[PDB]
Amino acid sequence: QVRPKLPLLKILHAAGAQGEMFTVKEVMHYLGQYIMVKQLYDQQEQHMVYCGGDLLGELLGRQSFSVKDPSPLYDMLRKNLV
């Protein structure tokens, strides 16, 4: 089981998660939710996430990532779920 730190719960909750303990599938569904509802992906680079000045970005530290290559976010997730 995974209890994230506040900041990511923050993206997390904000995509309608509830609570503190979680799974990794679950942590991946809400971050997807978030990107989809925040509509953060690129209308023309459909796999590219643009989260400049957006709290994901904050948490990832990049302004962009590709989902076709998800590493930098794993290193977010490798970093953030206790």
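Just count from 1 along the sequence shown to find any residue number. Rigid core (definition): largest C-alpha set, two forms, superposition within 1.5 Å.
Exercise. Just give me the stretch that moves more in 7 other deposited structures of this protein: 25-33 or 38-46, judged by RMS C-alpha distance after a core fit.
Key: Of 25-33 and 38-46, the stretch deviating more in 7 other deposited structures of this protein is 38-46.
Quiz item: Comparing 47-55 with 26-34, which stretch shows the greater average C-alpha B-factor in the deposited entry?
Solution: It is 47-55.
Self-check item: Ranked C-alpha temperature factor of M76 among modelled chain residues, by third
Solution: Within its chain, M76 is a highest-third residue by C-alpha B-factor, going by the deposited values.
Exercise. Check where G61 lands among this chain's C-alpha B-factors and tell me if it's the lowest, middle or highest third.
Key: Its C-alpha B-factor belongs to the middle third of this chain's values.
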